[PDB]
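What follows is a single chain, given as structure tokens, in the form deposited in one PDB entry.
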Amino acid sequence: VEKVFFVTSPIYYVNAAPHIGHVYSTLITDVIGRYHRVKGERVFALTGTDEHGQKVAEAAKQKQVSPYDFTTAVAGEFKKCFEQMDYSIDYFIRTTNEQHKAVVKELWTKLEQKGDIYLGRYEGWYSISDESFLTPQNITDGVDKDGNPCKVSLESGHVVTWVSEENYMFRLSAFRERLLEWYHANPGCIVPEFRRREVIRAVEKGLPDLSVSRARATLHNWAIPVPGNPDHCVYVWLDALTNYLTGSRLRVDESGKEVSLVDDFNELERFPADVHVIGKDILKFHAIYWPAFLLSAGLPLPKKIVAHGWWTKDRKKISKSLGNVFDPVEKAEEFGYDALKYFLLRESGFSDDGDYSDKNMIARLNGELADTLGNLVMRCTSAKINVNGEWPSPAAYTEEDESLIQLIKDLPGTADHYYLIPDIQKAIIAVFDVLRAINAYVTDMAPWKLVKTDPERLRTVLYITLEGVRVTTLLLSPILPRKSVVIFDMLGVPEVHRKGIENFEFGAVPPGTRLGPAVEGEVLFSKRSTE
């Protein structure tokens, strides 16, 4: 099937200002989308804000302003932040959007007509902060923000409350066997694998029916009314998951504004998502509830859900009051945007709860970006080594020449597989193994000596080096979107060769291609001191 590659981030609660967790999640979404665009594919990358619910409504009561003004303010902060992070997102969705509401009502009605929604009661624990139902097995003792004894989530640590309400219930219990068929039929549908094992384990134990409405007062009327029952509002999560569907059905103008909701998802060829990027904290919603709603509705299921871990700074929690902040924009201004992105994508894989420190950030920037990549780019383009300022024509290749050429020929196939898992960390490591190899080849050949001694040999060494740089840079362009453009400018790679699987091929830029012009003091990544 040939379709728009559809990649999504979670839509984030707007109870509070955007922070690193959100930036990271969206960054992951952005990178995947960026990579599929360089393969020449149509892409629709989606992010947004989850704006209804008790959590958000109460967050706005605390700051003492209307939910409409509050959600709009905070959403504005999310957009401003993401614009500043210089992503390439195709649309920003807000669940307050009127067309989103229509799609929710449409899906709800499908589930009802299917016979999968009945009137019942939920009597059990709820975490408002997580907007999540919990069994007693998943709560424990703790202290509220007074210090008085309460119950809290084992998952999250937030206060839980007992809820006893007549609610509309989705028949999730009836989807146990089909969800199990699905997980087993598509053993790559949840990444990383140990999270796939989590979901299976959980669904194996058994599934209770799920409350998909709440009484309207409980939600302070800040939700979507249940169609046909104005006393009930639709569960914030059923509403929020529907954003993926809504997004697949919106025609967007050049300004980034929704202008039309199509009746059928096929019209736009986006749905279902090829990758839902998420955090591990919201796995059940995406891997259990969502495919269950889609099965009931008769909709296609997503191809992959990839769930990453949580961040710490200096081996502690990120928190304003505890005195340990990590501001992505602040660190980008300090170290650079592409560098910070490299770090967050390099320093941790999706199975790990990684760690930012200034020390280790500077170690990677200097180590990998400046010495390994940065220096290689400057040398092979320098007037000292590349005296004619062009891509030379290679002479005959030695076996050592060819060992390196093989590594470069093999790199795209390997990096491709990693980006498709997806495992962005592994893709980066693969590209830098090839970069380390190029540097060691250069050390061996000492092109600086060859310039005097053997210009004919230099032609070969220099051409291999330029091409190795070009290919590695191409495959890193989704990680270093701005720096890759600079690198390609220095190399003098024509625009047409900066994109497309055609240009993953060794030798796509011809000898004789001229290098771009130099500047007095220019440097790709400048070293920074340690303390």
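Residue positions are given as counts along the sequence shown, with the first one as 1. The term rigid core refers to the maximal set of C-alpha atoms that superpose within 1.5 Å between the two forms.
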Next on the checklist: Counting only other entries where the flanking residues are modelled, do a third or more lack residue 341?
Outcome noted: no
Checklist entry - If we scan the other compared entries, does residue 322 go without coordinates in at least a third? => result yes
Checklist outcome for this item: Stretch with higher mean Cα temperature factor, 449-457 vs 82-90, is 449-457
Checklist entry - Given the B-factors recorded for C-alpha atoms, which segment has the greater mean, 406-414 or 197-205? => result 197-205
Checklist entry - Can you tell me which of 401, 131, 274, 253 has the highest Cα temperature factor in the record? => result 253
Item to check | Deposited CA B-factor, highest of 436, 270, 232, 379 | outcome: 379
Checklist entry - Where does residue 492 sit by CA temperature factor within its chain: lowest, middle or highest third? => result middle
Checklist entry - Which third of the chain holds residue 68 when residues are ordered by C-alpha B factor: lowest, middle or highest? => result highest
Checklist outcome for this item: residue 11: C-alpha B-factor third of its chain, per the entry, is the lowest
Item to check | residue 106 CA temperature factor, ranked by third within the chain | outcome: middle
Checklist entry - If you rank every modelled residue in this chain by C-alpha B factor, which third holds residue 220: lowest, middle or highest? => result highest
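If you look for the form deposited in another entry, you will not find it shown, but the lines that follow are about it.
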Item to check | Core-fitted Cα difference of 2 Å or more between this form and the one not shown, single residue among 113, 312, 229, 88 | outcome: 312
Checklist entry - If we fit on the core, is the Cα of residue 166 displaced 2 Å or more between this form and the one not shown? => result no
Next on the checklist: Does residue 406 shift between this form and the one not shown by 2 angstroms or more at the C-alpha, the core having been superposed?
Outcome noted: no
Checklist entry - Quick one: core overlaid, is residue 433 moving 2 Å or more at the Cα between this form and the one not shown? => result no
Next on the checklist: Comparing against this form, do residue 273 and residue 353 have their CA atoms pulled together or pushed apart in that other deposited form? The difference is 3 Å or more.
Outcome noted: farther
Checklist entry - Where do residue 312 and residue 25 end up in that other deposited form, Cα atoms closer or farther than shown, with a change of 3 Å or more? => result closer
